[PDB]
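Nothing fancy with the numbering, it's 1 onward along the sequence. First listed ligand is number 1; within each ligand, the first listed atom is number 1.
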Amino acid sequence: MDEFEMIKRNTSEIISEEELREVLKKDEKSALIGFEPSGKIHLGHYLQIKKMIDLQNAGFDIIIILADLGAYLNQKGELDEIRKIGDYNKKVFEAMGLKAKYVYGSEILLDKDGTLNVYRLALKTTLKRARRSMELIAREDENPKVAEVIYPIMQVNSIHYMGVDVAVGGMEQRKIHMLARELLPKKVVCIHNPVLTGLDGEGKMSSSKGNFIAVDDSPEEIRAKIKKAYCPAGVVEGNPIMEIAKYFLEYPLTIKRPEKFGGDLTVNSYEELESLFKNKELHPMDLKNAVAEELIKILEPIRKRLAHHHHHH
Ligand SMILES: N[C@@H](Cc1cc(Cl)c(O)c(Cl)c1)C(=O)O
C-alpha cells in the first residue's frame with residue numbers, strides 16, 4: 001500500500017480525500033488528535049493512536065493534545081487530578097510506539113492570546129451549533145452548563161493554534177470538526193476513526209467495569225473480559241469481538257479447534273473471518289479464544305514497556 005491507503009485503512013471518513021492527497025505532497029505536514037485524559041487507556045484509544053502512527057510513518061509531525069481544560073469543562077474532575085492522569089496517558093501513548101509532541105489544552109488557552117481567539121470564535125458560533133456539536137460528547141446534565149458550549153470552541157481554537165494540516169478523531173468529533181472548517185481561515189483535513197463498541201455490546205467502549213480492554217490489562221483479565229463479551233453467533237454488526245479482529249489482529253490468523261468442528265482453522269483475512277462467522281461456521285467461544293490470545297500478544301510489548309518504566313529498569 002502507498003501512504004494514502006495506509007492512512008485511509010480502517011477509517012470511517014476523510015474530509016476530503018482530495019485535500020489529503022495534496023497534503024501528502026508537502027515536505028512538512030502535521031496532524032493532531034486530542035484526548036480528555038482517561039484513567040484507563042483502552043482499545044478505543046489504541047485504535048486512534050495506531051492511526052496517528054500511520055500518519056507519523058507517512059512523514060507527519062504528530063501533536064497530541066491532552067485536553068485538560070476540555071475534560072475539566074466536561075465534568076471529569078479537578079484540574080490537577082486531570083493533568084496527572086494526562087501525564088500518565090502520555091506515557092501510555094509513548095509505550096505504544098508513538099513519536100509525538102504532547103501539549104495540555106490549558107497551555108494554549110492560558111499562556112497566549114490565543115485566549116482571546118476563544119472569544120472571537122464565540123462571536124461566530126451559534127449556541128445551537130455548539131450544543132449540537134456536543135451531542136455525542138458532553139456528559140449527562142439535566143441543567144446544561146455554559147461550560148458545554150465553550151468546549152467545542154476550545155477544540156476549534158487548539159486546531160488553529162497548532163497550525164496543523166490534519167485533525168484526527170472518532171466519528172463523535174465530526175460536528176466539532178465541521179465547525180473547525182467553517183470557523184478558521186484554513187480548512188483542516190479531517191480523518192475520523194470508527195467508534196469501537198464496548199465489550200458489553202451496549203454503546204462505545206468506555207472505562208465501565210468489564211466494558212473495555214485496557215492496553216495494560218493482564219493476560220488473565222483479557223481472557224476473562226473477552227470470554228464474557230457480547231458476541232452472538234452469526235452476528236457481526238455491533239459485535240465487539242469481530243470489531244477487535246478487524247481493527248487490531250494480523251492475518252493469516254490461526255483459530256484452534258476441534259476437529260469435530262471443521263478442525264483447525266487458518267483464516268487469511270478479516271473478510272474471510274466475517275464470512276465464516278456470518279455463516280455460523282465459527283463459534284463465538286472459538287473466536288473469543290483466538291481473539292483473546294492474539295490480543296494478549298499484541299498488547300504485551302505495551303504492557304512490558306510500561307512496567308519496564310514503572311520501575312526504572
Ligand atoms: N473532544 C475531544 C477532546 C478534546 C480535544 C481537543 Cl483538541 C480539545 O481542544 C478539547 Cl477542548 C477537547 C474528546 O472527545 O476526547
Problem set entry | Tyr104: which of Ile65, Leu66, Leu69 passes side chain to side chain contact (heavy atoms under 4.5 Å, CB included) | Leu66

Exercise. What is the ring orientation for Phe93 with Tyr102, classed by angle as parallel under 30°, tilted 30 to 60°, or perpendicular over 60°?
Worked result: parallel

Problem set entry | From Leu183, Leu116, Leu184, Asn117, residue fulfilling side chain to side chain contact (heavy atoms under 4.5 Å, CB included) relative to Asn157 | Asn117

Exercise. Nearest protein heavy-atom contact for atom 6 (C) of ligand 1: which residue, which atom, what distance?
Worked result: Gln155 CG, 3.5 Å

Exercise. Ligand 1 versus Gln173, non-hydrogen atoms closer than 4.0 Å: side chain, backbone, both, neither?
Worked result: side chain

Exercise. Looking only at distance, does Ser158 have an N or O less than 3.5 Å from an N or O of ligand 1?
Worked result: yes

Exercise. For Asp165, which of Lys25, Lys29, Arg21, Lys26 qualifies under salt bridge (charged side-chain N to carboxylate O under 4.0 Å, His left out)?
Worked result: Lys26

Seminar exercise, completed: Within 4.0 Å of some non-hydrogen atom of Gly70, the atoms of ligand 1 are 11 (Cl)

For this session: Salt-bridge test for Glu19 and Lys187: reply yes if a basic N is under 4.0 Å from a carboxylate O, no otherwise.
Result: no

Seminar exercise, completed: In this structure, atom 15 (O) of ligand 1 is nearest to the protein heavy atom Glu36 N, 3.4 Å

Problem set entry | Element-labelled atoms of ligand 1 that are located less than 4.0 Å from some non-hydrogen atom of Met154 | 9 (O), 11 (Cl)

For this session: Establish, yes or no, whether the cationic atom of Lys84 lies under 6.0 Å from the six-membered ring centre of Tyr88 and within 45° of the ring axis.
Result: no

Problem set entry | Shortest protein heavy-atom distance from atom 10 (C) of ligand 1, along with the residue and atom involved | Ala67 CB, 3.7 Å

Exercise. Nearest to atom 2 (C) of ligand 1 by heavy atom, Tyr151, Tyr104, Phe35, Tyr72: which?
Worked result: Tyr151

